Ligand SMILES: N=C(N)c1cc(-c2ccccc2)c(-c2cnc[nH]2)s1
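Here we start with a single chain on its own, the form deposited without the named molecule, put down as C-alpha cells.
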C-alpha cells in the first residue's frame, strides 16, 4: 500500500520524526507501514504503534463525546448535529477497524515472547471497547463478546507469566475493569478485579511508575463505590 515501497527502518525513523512533530496521523500511517512488513515488533516499536493509534483514536473519542453531549441538550431542532456526530463516529470506527486488522493479521500469533502476546490481546480489547462505546443493537452485542474474549485471554497469560507490578498486567486489569463497569454493565465483576489487582500489587510494592496505574486503579473505586 502507500508505504509498500519504503524500507522498514525508514518507516520506523519517520514514525519517530512524526512523534516529534506531533503528527499522529502520519505516525500511525508509518507504523501500519512497518507492521505490514511481516517482522515481529520490538518493545520499542510497539510503543510507537500504540502511542500513535492512541492519540489518533483519542481525539476522535473526544469529539464524539463533545458532540453526543450537544445531542443530549438537543432533546429539549435540526439534523445538523446528529449528521456531524455520525461523521465523526464513522471515522472512528474506521481507525478502530484498521488497528483491529493489524492485530488480527500480523501482530497476534500464538507464538511469541508472550509478555507481549498480552500487549496485543490487551490492545485488541481496548479498540473493541472503543467500538463498543459508540455501537448499538446486536453490533453492540457481538463487539462486547469480542472485547471479553480478548481481555480474558490476556488475563490468563498475564496471571500465569507476569509479576503483579508489570505496568502491562496493571494497565490491562485496569482496562478490563473499566470495561466491566462502563460497557458490560457488571460493577460486581468490576469492583472485585479492581480490588484484587490493586491488592496483590500493594503487596509486592517493595520491588515505581506502575504506581501511576495504581493511582488510577484506586481512583476508579472512589466513584464505583
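Numbering follows the first chain given and starts at 1.
Omitted from view is the form deposited with the named molecule bound, to which the following refers.
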The named molecule contact at residue 131 in the bound PDB entry, heavy atom, 4.5 Å | yes
Close approach of residue 152 to the named molecule in the bound PDB entry, 4.5 Å, heavy atom = no
Although the named molecule is absent from this view, report whether residue 71 comes within 4.5 Å of it in the bound PDB entry, heavy atoms only.
-> no
Proximity of residue 184 to the named molecule in the bound PDB entry, heavy atoms at 4.5 Å | no
Any chance all of 43, 48 and 100 sit within 4.5 Å of the named molecule in the bound PDB entry, going by non-hydrogen atoms?
-> yes
Residues within stretch 80 to 96 having a non-hydrogen atom within 4.5 Å of the named molecule in the bound PDB entry = 93
